[PDB]
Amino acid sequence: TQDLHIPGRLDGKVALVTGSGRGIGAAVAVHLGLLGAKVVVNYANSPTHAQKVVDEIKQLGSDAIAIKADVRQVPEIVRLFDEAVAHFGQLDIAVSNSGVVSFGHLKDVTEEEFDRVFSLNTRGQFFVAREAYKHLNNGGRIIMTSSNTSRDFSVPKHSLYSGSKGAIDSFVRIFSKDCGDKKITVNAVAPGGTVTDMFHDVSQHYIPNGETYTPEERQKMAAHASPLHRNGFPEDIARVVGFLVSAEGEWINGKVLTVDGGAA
């Protein structure tokens, strides 16, 4: 009785999160800090935001650094991971989060748009996993980021993006087998509509007559997707990531968790 159980702590662990200056990655980075991890905050374009995330993690009593790395470029992924281990001594947790959204009828999709989406969402994530396996401590954690659009929800004009995430679901199942030789688990989270810069950029494409409504209105209509009648927020996703990368999440391995509040 002299012990109150504190579940899911990451004290003594080092995490890296791709694209953690903003949106879901930021909330993952802060949540892992809150749980006791030291955090490598990665950005490509948003150093102002990355600084605020670093400051937020230091403020709640952990440590953090920001490292610029364009995760479309494999040489920059190698450097990101090399710099992470040089700075903190080790790496236990890698969360592949960076991504871009796209909308377009099949007939209008160009080579350039296909390559813009796959280079980050699919190829970038793959090589983030590759470098994570190669740098992680035994018993570590790899997380990849999919979407409820890969399998559960079928949105018109969303083929390119949906396919970029469907690849991820397949990678994590096989990666769990390969990464077993270091006792590293590999899982994905597949968020539903989560209120971020990305959400506001494209919510008109998910709502039936979306272009005809205001952003605030589209957010309210998205809140009725869930039988809980609220939006998904970045912290909702971060909480699941925190469970999977904890010691206690070990027996969830090679799985894609859909985190959408039960959306219809």
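Throughout, we count residues from 1 along the sequence that is shown.
For the two regions 8-16 and 237-245, the entry's Cα B-factors average higher over 8-16. Two stretches are in play, 88-96 and 159-167, and the higher mean C-alpha B-factor belongs to 88-96. Sorting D178, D152, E113, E131 by the CA temperature factor given in the entry leaves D152 at the top. The PDB entry assigns the greatest CA B-factor among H105, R141, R79, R123 to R79. In the deposited entry, the Cα temperature factor of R173 places it in the lowest third of its chain's modelled residues. Split the chain's modelled residues into thirds by C-alpha temperature factor. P75 is in the highest one. In this PDB entry, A66 carries a Cα temperature factor that places it within the highest third of its chain's modelled residues. Split the chain's modelled residues into thirds by C-alpha temperature factor. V53 is in the middle one. Compared with the other modelled residues of the chain, the Cα B-factor recorded for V195 ranks in the middle third.
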